[PDB]
Structure formats: structure tokens, C-alpha cells
file protein18.txt (compact mmCIF, N, CA and C atoms and all ligand atoms)
# COMPACT_ATOMS: atom_id res chain seq x y z
N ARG A 15 11.84 -54.34 32.55
CA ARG A 15 10.94 -55.35 31.98
C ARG A 15 9.90 -55.83 33.02
N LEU A 16 9.47 -54.92 33.88
CA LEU A 16 8.54 -55.20 34.95
C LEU A 16 7.09 -55.16 34.46
N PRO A 17 6.15 -55.65 35.28
CA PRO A 17 4.73 -55.67 34.87
C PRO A 17 4.02 -54.33 35.03
N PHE A 18 4.75 -53.26 34.77
CA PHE A 18 4.19 -51.93 34.84
C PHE A 18 5.15 -50.99 34.14
N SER A 19 4.57 -49.97 33.53
CA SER A 19 5.33 -48.94 32.80
C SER A 19 6.21 -48.19 33.77
N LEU A 20 7.49 -48.10 33.44
CA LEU A 20 8.45 -47.39 34.27
C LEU A 20 9.37 -46.57 33.39
N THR A 21 9.72 -45.38 33.89
CA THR A 21 10.57 -44.43 33.18
C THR A 21 11.55 -43.82 34.17
N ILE A 22 12.73 -43.45 33.69
CA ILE A 22 13.70 -42.76 34.53
C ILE A 22 14.17 -41.58 33.69
N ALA A 23 14.27 -40.41 34.31
CA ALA A 23 14.72 -39.19 33.63
C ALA A 23 15.94 -38.64 34.34
N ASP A 24 16.86 -38.04 33.59
CA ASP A 24 18.00 -37.36 34.18
C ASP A 24 17.60 -35.89 34.25
N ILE A 25 17.11 -35.45 35.41
CA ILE A 25 16.57 -34.10 35.54
C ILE A 25 17.64 -33.04 35.73
N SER A 26 18.89 -33.44 35.70
CA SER A 26 19.97 -32.46 35.75
C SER A 26 20.31 -32.03 34.32
N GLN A 27 19.92 -32.84 33.32
CA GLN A 27 20.17 -32.49 31.92
C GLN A 27 19.11 -31.56 31.36
N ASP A 28 19.49 -30.75 30.37
CA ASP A 28 18.56 -29.83 29.78
C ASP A 28 17.26 -30.51 29.31
N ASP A 29 16.15 -30.01 29.83
CA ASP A 29 14.80 -30.45 29.49
C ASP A 29 14.44 -31.83 30.04
N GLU A 30 15.21 -32.29 31.03
CA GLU A 30 14.87 -33.50 31.79
C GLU A 30 14.51 -34.70 30.90
N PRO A 31 15.44 -35.11 30.04
CA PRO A 31 15.23 -36.19 29.08
C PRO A 31 15.05 -37.52 29.74
N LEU A 32 14.20 -38.34 29.15
CA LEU A 32 14.15 -39.75 29.52
C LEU A 32 15.48 -40.43 29.18
N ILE A 33 15.98 -41.26 30.07
CA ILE A 33 17.18 -42.08 29.79
C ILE A 33 16.84 -43.56 29.69
N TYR A 34 15.68 -43.92 30.24
CA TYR A 34 15.22 -45.31 30.25
C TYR A 34 13.70 -45.39 30.29
N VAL A 35 13.16 -46.31 29.51
CA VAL A 35 11.75 -46.69 29.61
C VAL A 35 11.78 -48.20 29.44
N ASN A 36 10.77 -48.89 29.96
CA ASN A 36 10.67 -50.31 29.73
C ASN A 36 9.63 -50.70 28.68
N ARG A 37 9.53 -52.00 28.45
CA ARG A 37 8.62 -52.52 27.45
C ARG A 37 7.17 -52.17 27.77
N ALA A 38 6.79 -52.15 29.05
CA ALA A 38 5.41 -51.78 29.41
C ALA A 38 5.09 -50.34 29.00
N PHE A 39 6.07 -49.45 29.07
CA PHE A 39 5.89 -48.07 28.61
C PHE A 39 5.65 -48.05 27.12
N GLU A 40 6.46 -48.80 26.38
CA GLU A 40 6.28 -48.91 24.93
C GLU A 40 4.89 -49.42 24.59
N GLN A 41 4.42 -50.44 25.31
CA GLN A 41 3.13 -51.03 24.99
C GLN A 41 1.96 -50.11 25.31
N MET A 42 2.05 -49.40 26.42
CA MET A 42 1.02 -48.43 26.80
C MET A 42 0.96 -47.22 25.86
N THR A 43 2.11 -46.68 25.51
CA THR A 43 2.15 -45.43 24.75
C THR A 43 2.20 -45.62 23.24
N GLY A 44 2.64 -46.78 22.77
CA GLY A 44 2.80 -47.00 21.34
C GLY A 44 4.09 -46.44 20.75
N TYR A 45 4.93 -45.84 21.59
CA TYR A 45 6.25 -45.33 21.19
C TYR A 45 7.37 -46.33 21.45
N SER A 46 8.26 -46.50 20.47
CA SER A 46 9.42 -47.34 20.65
C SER A 46 10.38 -46.63 21.59
N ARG A 47 11.19 -47.42 22.29
CA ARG A 47 12.19 -46.87 23.20
C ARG A 47 13.16 -45.94 22.47
N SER A 48 13.58 -46.34 21.27
CA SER A 48 14.48 -45.51 20.47
C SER A 48 13.92 -44.11 20.26
N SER A 49 12.61 -44.03 20.04
CA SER A 49 12.00 -42.76 19.69
C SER A 49 11.88 -41.80 20.87
N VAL A 50 11.88 -42.32 22.10
CA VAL A 50 11.59 -41.48 23.27
C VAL A 50 12.85 -41.19 24.14
N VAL A 51 13.85 -42.04 24.10
CA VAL A 51 15.02 -41.77 24.92
C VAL A 51 15.74 -40.53 24.41
N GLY A 52 16.01 -39.60 25.32
CA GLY A 52 16.61 -38.32 24.99
C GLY A 52 15.62 -37.17 24.92
N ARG A 53 14.32 -37.47 25.08
CA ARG A 53 13.24 -36.48 25.01
C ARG A 53 12.51 -36.36 26.35
N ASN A 54 12.05 -35.17 26.70
CA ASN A 54 11.16 -34.98 27.85
C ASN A 54 9.82 -35.69 27.64
N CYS A 55 9.34 -36.38 28.67
CA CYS A 55 8.12 -37.18 28.55
C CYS A 55 6.87 -36.40 28.15
N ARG A 56 6.93 -35.06 28.08
CA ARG A 56 5.72 -34.31 27.78
C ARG A 56 5.24 -34.46 26.33
N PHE A 57 5.98 -35.18 25.49
CA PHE A 57 5.47 -35.48 24.14
C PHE A 57 4.16 -36.29 24.23
N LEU A 58 3.87 -36.84 25.41
CA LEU A 58 2.62 -37.56 25.63
C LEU A 58 1.43 -36.66 25.89
N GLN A 59 1.70 -35.38 26.15
CA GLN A 59 0.65 -34.42 26.47
C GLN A 59 0.06 -33.79 25.22
N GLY A 60 -1.08 -33.14 25.39
CA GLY A 60 -1.71 -32.46 24.28
C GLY A 60 -2.76 -31.45 24.70
N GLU A 61 -3.68 -31.20 23.78
CA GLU A 61 -4.58 -30.08 23.87
C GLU A 61 -5.45 -30.14 25.13
N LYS A 62 -5.83 -31.34 25.56
CA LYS A 62 -6.71 -31.51 26.71
C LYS A 62 -5.99 -31.61 28.06
N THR A 63 -4.66 -31.65 28.04
CA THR A 63 -3.87 -31.78 29.26
C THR A 63 -4.04 -30.55 30.15
N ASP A 64 -4.38 -30.80 31.40
CA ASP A 64 -4.65 -29.73 32.36
C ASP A 64 -3.38 -28.98 32.74
N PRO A 65 -3.38 -27.64 32.62
CA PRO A 65 -2.14 -26.92 32.98
C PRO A 65 -1.83 -26.91 34.48
N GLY A 66 -2.85 -26.96 35.32
CA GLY A 66 -2.64 -27.06 36.76
C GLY A 66 -1.87 -28.32 37.16
N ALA A 67 -2.26 -29.45 36.57
CA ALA A 67 -1.61 -30.72 36.82
C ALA A 67 -0.18 -30.68 36.29
N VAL A 68 0.03 -30.10 35.12
CA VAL A 68 1.38 -30.03 34.57
C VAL A 68 2.25 -29.22 35.53
N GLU A 69 1.73 -28.11 36.05
CA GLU A 69 2.54 -27.29 36.97
C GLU A 69 2.81 -27.99 38.32
N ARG A 70 1.89 -28.81 38.80
CA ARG A 70 2.17 -29.61 40.01
C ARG A 70 3.36 -30.56 39.79
N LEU A 71 3.38 -31.21 38.64
CA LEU A 71 4.48 -32.03 38.22
C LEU A 71 5.79 -31.25 38.12
N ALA A 72 5.79 -30.13 37.41
CA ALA A 72 7.00 -29.34 37.30
C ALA A 72 7.50 -28.88 38.66
N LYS A 73 6.59 -28.46 39.52
CA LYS A 73 6.97 -27.98 40.85
C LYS A 73 7.65 -29.09 41.65
N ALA A 74 7.08 -30.29 41.60
CA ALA A 74 7.69 -31.43 42.27
C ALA A 74 9.12 -31.68 41.75
N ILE A 75 9.30 -31.61 40.43
CA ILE A 75 10.64 -31.80 39.85
C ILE A 75 11.63 -30.74 40.34
N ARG A 76 11.22 -29.48 40.36
CA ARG A 76 12.10 -28.39 40.81
C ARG A 76 12.50 -28.53 42.28
N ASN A 77 11.60 -29.09 43.09
CA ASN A 77 11.82 -29.23 44.54
C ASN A 77 12.18 -30.64 44.97
N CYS A 78 12.55 -31.46 43.98
CA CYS A 78 12.94 -32.85 44.19
C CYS A 78 11.99 -33.60 45.15
N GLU A 79 10.69 -33.50 44.85
CA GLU A 79 9.61 -34.07 45.68
C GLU A 79 8.85 -35.18 44.97
N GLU A 80 8.28 -36.10 45.74
CA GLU A 80 7.41 -37.10 45.17
C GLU A 80 6.11 -36.42 44.76
N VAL A 81 5.47 -36.93 43.71
CA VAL A 81 4.19 -36.41 43.29
C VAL A 81 3.36 -37.48 42.59
N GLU A 82 2.05 -37.34 42.70
CA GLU A 82 1.10 -38.22 42.06
C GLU A 82 0.02 -37.34 41.40
N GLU A 83 -0.25 -37.57 40.11
CA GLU A 83 -1.24 -36.82 39.34
C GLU A 83 -1.85 -37.72 38.27
N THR A 84 -3.14 -37.53 37.99
CA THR A 84 -3.77 -38.15 36.84
C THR A 84 -3.87 -37.12 35.71
N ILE A 85 -3.22 -37.41 34.58
CA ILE A 85 -3.02 -36.43 33.52
C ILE A 85 -3.46 -37.03 32.17
N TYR A 86 -4.06 -36.22 31.32
CA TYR A 86 -4.49 -36.68 30.00
C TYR A 86 -3.33 -36.73 29.02
N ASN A 87 -3.14 -37.90 28.43
CA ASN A 87 -2.02 -38.15 27.55
C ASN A 87 -2.58 -38.73 26.26
N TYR A 88 -1.71 -38.88 25.27
CA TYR A 88 -2.09 -39.34 23.95
C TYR A 88 -1.09 -40.39 23.51
N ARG A 89 -1.59 -41.53 23.03
CA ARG A 89 -0.71 -42.53 22.47
C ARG A 89 -0.17 -42.07 21.12
N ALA A 90 0.75 -42.84 20.57
CA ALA A 90 1.36 -42.51 19.29
C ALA A 90 0.34 -42.47 18.16
N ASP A 91 -0.72 -43.28 18.27
CA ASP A 91 -1.77 -43.28 17.26
C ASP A 91 -2.79 -42.19 17.55
N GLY A 92 -2.51 -41.38 18.57
CA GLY A 92 -3.36 -40.25 18.88
C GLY A 92 -4.52 -40.50 19.83
N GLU A 93 -4.72 -41.75 20.24
CA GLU A 93 -5.76 -42.06 21.20
C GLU A 93 -5.47 -41.41 22.55
N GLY A 94 -6.45 -40.69 23.07
CA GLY A 94 -6.28 -40.09 24.38
C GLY A 94 -6.50 -41.13 25.45
N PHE A 95 -5.84 -40.94 26.58
CA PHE A 95 -6.07 -41.78 27.75
C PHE A 95 -5.66 -41.07 29.03
N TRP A 96 -6.24 -41.49 30.15
CA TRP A 96 -5.85 -40.97 31.45
C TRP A 96 -4.65 -41.76 32.01
N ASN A 97 -3.62 -41.02 32.38
CA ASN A 97 -2.39 -41.61 32.86
C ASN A 97 -2.24 -41.21 34.31
N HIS A 98 -2.30 -42.20 35.20
CA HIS A 98 -2.06 -41.97 36.61
C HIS A 98 -0.57 -42.13 36.82
N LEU A 99 0.10 -41.00 36.99
CA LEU A 99 1.54 -40.95 37.09
C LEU A 99 1.94 -40.80 38.55
N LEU A 100 2.89 -41.61 38.99
CA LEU A 100 3.51 -41.48 40.30
C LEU A 100 4.99 -41.35 40.06
N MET A 101 5.60 -40.29 40.54
CA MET A 101 7.02 -40.15 40.34
C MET A 101 7.69 -39.43 41.48
N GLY A 102 9.01 -39.48 41.46
CA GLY A 102 9.80 -38.87 42.49
C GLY A 102 11.27 -39.19 42.32
N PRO A 103 12.09 -38.70 43.24
CA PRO A 103 13.53 -38.94 43.19
C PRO A 103 13.81 -40.43 43.20
N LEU A 104 14.70 -40.85 42.30
CA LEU A 104 15.21 -42.22 42.28
C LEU A 104 15.99 -42.56 43.53
N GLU A 105 16.71 -41.57 44.06
CA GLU A 105 17.69 -41.79 45.12
C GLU A 105 17.46 -40.83 46.27
N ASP A 106 16.82 -41.34 47.31
CA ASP A 106 16.38 -40.54 48.45
C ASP A 106 17.47 -39.64 49.04
N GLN A 107 18.70 -40.14 49.11
CA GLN A 107 19.79 -39.43 49.78
C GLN A 107 20.65 -38.57 48.86
N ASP A 108 20.34 -38.54 47.57
CA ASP A 108 21.15 -37.77 46.63
C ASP A 108 20.84 -36.28 46.73
N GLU A 109 21.70 -35.56 47.43
CA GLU A 109 21.54 -34.13 47.62
C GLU A 109 21.47 -33.37 46.30
N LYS A 110 22.11 -33.92 45.27
CA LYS A 110 22.10 -33.30 43.94
C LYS A 110 20.83 -33.64 43.15
N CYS A 111 20.09 -34.65 43.63
CA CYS A 111 18.82 -35.10 43.03
C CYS A 111 18.82 -35.14 41.50
N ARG A 112 19.61 -36.04 40.95
CA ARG A 112 19.85 -36.07 39.52
C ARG A 112 18.79 -36.85 38.75
N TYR A 113 18.27 -37.92 39.34
CA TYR A 113 17.38 -38.80 38.62
C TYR A 113 15.99 -38.85 39.24
N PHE A 114 15.00 -38.97 38.37
CA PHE A 114 13.61 -39.10 38.79
C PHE A 114 13.13 -40.38 38.17
N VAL A 115 12.32 -41.13 38.92
CA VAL A 115 11.68 -42.32 38.41
C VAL A 115 10.19 -42.11 38.50
N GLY A 116 9.47 -42.66 37.52
CA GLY A 116 8.02 -42.56 37.45
C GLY A 116 7.41 -43.88 36.98
N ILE A 117 6.24 -44.21 37.50
CA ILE A 117 5.44 -45.27 36.91
C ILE A 117 4.16 -44.66 36.37
N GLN A 118 3.66 -45.27 35.30
CA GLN A 118 2.46 -44.84 34.63
C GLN A 118 1.45 -45.96 34.65
N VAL A 119 0.24 -45.63 35.05
CA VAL A 119 -0.87 -46.57 35.05
C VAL A 119 -1.97 -46.02 34.14
N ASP A 120 -2.29 -46.79 33.11
CA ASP A 120 -3.34 -46.47 32.16
C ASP A 120 -4.72 -46.62 32.81
N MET A 121 -5.43 -45.50 32.99
CA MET A 121 -6.76 -45.51 33.59
C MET A 121 -7.86 -45.46 32.52
N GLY A 122 -7.48 -45.49 31.25
CA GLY A 122 -8.44 -45.61 30.16
C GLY A 122 -9.03 -44.30 29.67
N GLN A 123 -10.19 -44.40 29.00
CA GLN A 123 -10.86 -43.26 28.38
C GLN A 123 -12.15 -42.87 29.11
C1 LIG B 1 10.45 -39.71 35.35
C2 LIG B 1 9.35 -38.81 34.74
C3 LIG B 1 8.29 -39.44 34.11
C4 LIG B 1 7.22 -38.71 33.51
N1 LIG B 1 6.20 -39.32 32.89
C5 LIG B 1 5.18 -38.60 32.35
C6 LIG B 1 4.09 -39.18 31.67
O1 LIG B 1 4.00 -40.43 31.61
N2 LIG B 1 3.14 -38.39 31.11
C7 LIG B 1 3.21 -37.03 31.16
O2 LIG B 1 2.39 -36.34 30.58
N3 LIG B 1 4.21 -36.44 31.86
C8 LIG B 1 5.20 -37.16 32.39
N4 LIG B 1 6.26 -36.53 33.02
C9 LIG B 1 6.20 -35.07 33.15
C10 LIG B 1 6.82 -34.24 32.04
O3 LIG B 1 7.97 -34.87 31.63
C11 LIG B 1 7.13 -32.84 32.57
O4 LIG B 1 8.09 -32.92 33.58
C12 LIG B 1 5.88 -32.17 33.15
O5 LIG B 1 4.88 -32.04 32.18
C13 LIG B 1 6.23 -30.80 33.71
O6 LIG B 1 6.78 -29.98 32.69
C14 LIG B 1 7.25 -37.30 33.60
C15 LIG B 1 8.35 -36.69 34.26
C16 LIG B 1 9.37 -37.41 34.81
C17 LIG B 1 10.48 -36.61 35.49
call {"tool": "encode", "arguments": {"input": "protein18.txt", "output": "C-alpha cells"}}
result
Amino acid sequence: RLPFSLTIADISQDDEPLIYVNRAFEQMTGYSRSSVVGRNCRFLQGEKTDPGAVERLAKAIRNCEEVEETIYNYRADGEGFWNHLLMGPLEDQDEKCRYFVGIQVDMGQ
């Protein structure tokens, strides 16, 4: 319930599902928490989303690395917006690197 959109994913589970989002995520994206928990966050992506940026994100996840990218996303009502995403391992010392945390900043249209 912080003053910024935050998400946590269990990247050890198939397709790296979201396990937690906060109210700021709901307000930015237009998706209810019920609708997104258990799904990979890429439901926010679409036709204009850059594949290079998506692959930088995937690579960071595979190598348990921090990453920052500005990516084109779509709200539930279909409005496109620029999402400045910063994410990385939740737990620096976890050799198994199970969880990833990300914040999203709406940079507009
Ligand atoms: C914790 C976490 C948060 C993410 N948040 C977003 C997001 O807000 N928008 C997006 O397009 N991709 C997001 N992704 C990336 C997406 O889920 C997927 O990993 C990449 O598109 C690479 O396939 C996030 C990934 C993780 C692990």
C-alpha cells in the first residue's frame, strides 16, 4: 500500500506469476488484484511493445540480475502508456533466486 506501484513475482514457478501487487498497481493499470495474481505481468504488453526491451527483461530474470527498462504497456481500458520498470531479485543473498520485485512508474503517453 505504498505511494508507488509494486509487484512481486515467484520466478521459480511456471511462467513467473505475480503473487502480489499493491493498490498503486491496480490504479495505474486498471486491473484488480484478483485478476492479475497468478499471471505473468506481460498481459500489460501489446502490439507496440519493443521486443529488444522484452528480451532485456527476460535475460535479467534468467540471470537473476537487476534491470531497468521503459516499455510500452496498455491499461485494462486499452490506453497505451510508457512504463518505466525497475526490477530485480527480492533477496540479494538467495542463491535460488526465487522472487523478483519490480516497481512501475507511469511516464504517460
Ligand atoms: C516482478 C516483475 C514485474 C514486472 N512488471 C512488468 C510490467 O509492469 N510491465 C511489463 O510489460 N512487464 C513486466 N514484467 C516483465 C514480464 O513479466 C516478462 O518477464 C518480460 O516481458 C519478459 O518475458 C515484470 C516482471 C517481473 C519479474
call {"tool": "atom_distance", "arguments": {"input": "protein18.txt", "atom1": "CA of residue 33 (chain A)", "atom2": "CA of residue 21 (chain A)"}}
result
7.8 Å
call {"tool": "closest_atom_pairs", "arguments": {"input": "protein18.txt", "of": "chain A", "to": "ligand LIG 1 (chain B)", "cutoff": "8 Å", "atoms": "only N, CA and C atoms and all ligand atoms", "output": "tab-separated table"}}
result
residue	atom	partner	partner_atom	distance
A:20	C	B:LIG1	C1	7.2
A:21	C	B:LIG1	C1	4.4
A:22	C	B:LIG1	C1	4.5
A:23	N	B:LIG1	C1	4.0
A:24	N	B:LIG1	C17	6.8
A:25	CA	B:LIG1	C17	6.6
A:29	C	B:LIG1	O3	7.3
A:30	C	B:LIG1	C17	6.4
A:31	C	B:LIG1	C17	7.4
A:32	CA	B:LIG1	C1	6.9
A:33	N	B:LIG1	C1	7.8
A:53	C	B:LIG1	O3	7.1
A:54	C	B:LIG1	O3	4.5
A:55	N	B:LIG1	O3	3.6
A:56	N	B:LIG1	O3	3.7
A:57	N	B:LIG1	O2	6.3
A:58	C	B:LIG1	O2	4.8
A:59	N	B:LIG1	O2	4.6
A:60	N	B:LIG1	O2	7.0
A:63	CA	B:LIG1	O2	7.9
A:67	C	B:LIG1	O5	6.7
A:68	C	B:LIG1	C13	4.7
A:69	N	B:LIG1	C13	5.7
A:70	C	B:LIG1	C13	6.7
A:71	C	B:LIG1	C13	4.5
A:72	N	B:LIG1	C13	3.8
A:73	N	B:LIG1	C13	6.3
A:74	N	B:LIG1	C13	8.0
A:75	CA	B:LIG1	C17	6.5
A:85	C	B:LIG1	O2	6.1
A:86	C	B:LIG1	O2	5.9
A:87	CA	B:LIG1	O2	5.6
A:88	N	B:LIG1	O2	7.2
A:97	CA	B:LIG1	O1	6.6
A:98	C	B:LIG1	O1	7.1
A:99	CA	B:LIG1	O1	6.0
A:100	C	B:LIG1	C3	7.1
A:101	CA	B:LIG1	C1	6.1
A:102	N	B:LIG1	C1	6.3
A:113	C	B:LIG1	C1	6.8
A:114	C	B:LIG1	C1	3.9
A:115	C	B:LIG1	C1	4.0
A:116	N	B:LIG1	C1	3.8
A:117	N	B:LIG1	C3	6.2
A:118	CA	B:LIG1	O1	5.6
A:119	N	B:LIG1	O1	7.3
call {"tool": "select_by_dssp", "arguments": {"input": "protein18.txt", "residues": "chain A", "states": "strand (DSSP E)", "output": "PyMOL selection string"}}
result
chain A and resi 19-24+32-35+81-88+94-103+113-122
call {"tool": "atom_distance", "arguments": {"input": "protein18.txt", "atom1": "CA of residue 108 (chain A)", "atom2": "atom N of residue 79 (chain A)"}}
result
11.4 Å
call {"tool": "closest_residue", "arguments": {"input": "protein18.txt", "among": "A:92, A:82, A:52, A:65", "to": "residue 27 (chain A)", "atoms": "only C-alpha atoms"}}
result
A:52
call {"tool": "select_by_dssp", "arguments": {"input": "protein18.txt", "residues": "chain A", "states": "alpha helix (DSSP H)", "output": "list in words"}}
result
residues 37, 38, 39, 40, 41, 42, 43, 47, 48, 49, 50, 65, 66, 67, 68, 69, 70, 71, 72, 73, 74, 75 and 76 of chain A
call {"tool": "closest_residue", "arguments": {"input": "protein18.txt", "among": "A:95, A:62, A:38, A:28", "to": "residue 15 (chain A)", "atoms": "all atoms listed in the file"}}
result
A:38
call {"tool": "closest_residue", "arguments": {"input": "protein18.txt", "among": "A:109, A:104, A:50, A:18", "to": "residue 34 (chain A)", "atoms": "only N, CA and C atoms"}}
result
A:50
call {"tool": "residues_around", "arguments": {"input": "protein18.txt", "residues": "residue 47 (chain A)", "least_positions_apart": "4", "cutoff": "6.5 Å", "atoms": "all atoms listed in the file", "output": "JSON list (two decimals) with N, CA and C atoms, in the coordinates of the input"}}
result
[["chain", "number", "residue", "atom", "x", "y", "z"],
["A", 35, "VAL", "N", 13.16, -46.31, 29.51],
["A", 35, "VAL", "CA", 11.75, -46.69, 29.61],
["A", 35, "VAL", "C", 11.78, -48.20, 29.44],
["A", 40, "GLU", "N", 6.46, -48.80, 26.38],
["A", 40, "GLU", "CA", 6.28, -48.91, 24.93],
["A", 40, "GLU", "C", 4.89, -49.42, 24.59],
["A", 51, "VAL", "N", 13.85, -42.04, 24.10],
["A", 51, "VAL", "CA", 15.02, -41.77, 24.92],
["A", 51, "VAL", "C", 15.74, -40.53, 24.41]]
call {"tool": "build_atoms", "arguments": {"input": "protein18.txt", "residues": "region 74-88 of chain A", "atoms": "N, CA, C and O atoms", "output": "PDB file, in the frame of the given file"}}
result
ATOM      1  N   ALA A  74       7.080 -30.290  41.600  1.00  0.00           N
ATOM      2  CA  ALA A  74       7.690 -31.430  42.270  1.00  0.00           C
ATOM      3  C   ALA A  74       9.120 -31.680  41.750  1.00  0.00           C
ATOM      4  O   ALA A  74      10.032 -31.902  42.526  1.00  0.00           O
ATOM      5  N   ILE A  75       9.300 -31.610  40.430  1.00  0.00           N
ATOM      6  CA  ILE A  75      10.640 -31.800  39.850  1.00  0.00           C
ATOM      7  C   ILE A  75      11.630 -30.740  40.340  1.00  0.00           C
ATOM      8  O   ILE A  75      12.747 -31.075  40.721  1.00  0.00           O
ATOM      9  N   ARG A  76      11.220 -29.480  40.360  1.00  0.00           N
ATOM     10  CA  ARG A  76      12.100 -28.390  40.810  1.00  0.00           C
ATOM     11  C   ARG A  76      12.500 -28.530  42.280  1.00  0.00           C
ATOM     12  O   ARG A  76      13.601 -28.147  42.674  1.00  0.00           O
ATOM     13  N   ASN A  77      11.600 -29.090  43.090  1.00  0.00           N
ATOM     14  CA  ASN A  77      11.820 -29.230  44.540  1.00  0.00           C
ATOM     15  C   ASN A  77      12.180 -30.640  44.970  1.00  0.00           C
ATOM     16  O   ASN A  77      12.139 -30.969  46.170  1.00  0.00           O
ATOM     17  N   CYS A  78      12.550 -31.460  43.980  1.00  0.00           N
ATOM     18  CA  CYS A  78      12.940 -32.850  44.190  1.00  0.00           C
ATOM     19  C   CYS A  78      11.990 -33.600  45.150  1.00  0.00           C
ATOM     20  O   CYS A  78      12.420 -34.269  46.096  1.00  0.00           O
ATOM     21  N   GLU A  79      10.690 -33.500  44.850  1.00  0.00           N
ATOM     22  CA  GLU A  79       9.610 -34.070  45.680  1.00  0.00           C
ATOM     23  C   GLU A  79       8.850 -35.180  44.970  1.00  0.00           C
ATOM     24  O   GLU A  79       8.777 -35.214  43.738  1.00  0.00           O
ATOM     25  N   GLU A  80       8.280 -36.100  45.740  1.00  0.00           N
ATOM     26  CA  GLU A  80       7.410 -37.100  45.170  1.00  0.00           C
ATOM     27  C   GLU A  80       6.110 -36.420  44.760  1.00  0.00           C
ATOM     28  O   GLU A  80       5.685 -35.459  45.389  1.00  0.00           O
ATOM     29  N   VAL A  81       5.470 -36.930  43.710  1.00  0.00           N
ATOM     30  CA  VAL A  81       4.190 -36.410  43.290  1.00  0.00           C
ATOM     31  C   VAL A  81       3.360 -37.480  42.590  1.00  0.00           C
ATOM     32  O   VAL A  81       3.896 -38.397  41.973  1.00  0.00           O
ATOM     33  N   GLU A  82       2.050 -37.340  42.700  1.00  0.00           N
ATOM     34  CA  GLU A  82       1.100 -38.220  42.060  1.00  0.00           C
ATOM     35  C   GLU A  82       0.020 -37.340  41.400  1.00  0.00           C
ATOM     36  O   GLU A  82      -0.505 -36.447  42.039  1.00  0.00           O
ATOM     37  N   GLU A  83      -0.250 -37.570  40.110  1.00  0.00           N
ATOM     38  CA  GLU A  83      -1.240 -36.820  39.340  1.00  0.00           C
ATOM     39  C   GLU A  83      -1.850 -37.720  38.270  1.00  0.00           C
ATOM     40  O   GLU A  83      -1.155 -38.544  37.680  1.00  0.00           O
ATOM     41  N   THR A  84      -3.140 -37.530  37.990  1.00  0.00           N
ATOM     42  CA  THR A  84      -3.770 -38.150  36.840  1.00  0.00           C
ATOM     43  C   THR A  84      -3.870 -37.120  35.710  1.00  0.00           C
ATOM     44  O   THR A  84      -4.526 -36.096  35.860  1.00  0.00           O
ATOM     45  N   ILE A  85      -3.220 -37.410  34.580  1.00  0.00           N
ATOM     46  CA  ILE A  85      -3.020 -36.430  33.520  1.00  0.00           C
ATOM     47  C   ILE A  85      -3.460 -37.030  32.170  1.00  0.00           C
ATOM     48  O   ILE A  85      -3.306 -38.222  31.921  1.00  0.00           O
ATOM     49  N   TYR A  86      -4.060 -36.220  31.320  1.00  0.00           N
ATOM     50  CA  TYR A  86      -4.490 -36.680  30.000  1.00  0.00           C
ATOM     51  C   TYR A  86      -3.330 -36.730  29.020  1.00  0.00           C
ATOM     52  O   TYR A  86      -2.632 -35.744  28.803  1.00  0.00           O
ATOM     53  N   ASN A  87      -3.140 -37.900  28.430  1.00  0.00           N
ATOM     54  CA  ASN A  87      -2.020 -38.150  27.550  1.00  0.00           C
ATOM     55  C   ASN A  87      -2.580 -38.730  26.260  1.00  0.00           C
ATOM     56  O   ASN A  87      -3.774 -39.053  26.181  1.00  0.00           O
ATOM     57  N   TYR A  88      -1.710 -38.880  25.270  1.00  0.00           N
ATOM     58  CA  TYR A  88      -2.090 -39.340  23.950  1.00  0.00           C
ATOM     59  C   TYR A  88      -1.090 -40.390  23.510  1.00  0.00           C
ATOM     60  O   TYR A  88       0.121 -40.202  23.629  1.00  0.00           O
TER      61      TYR A  88
END
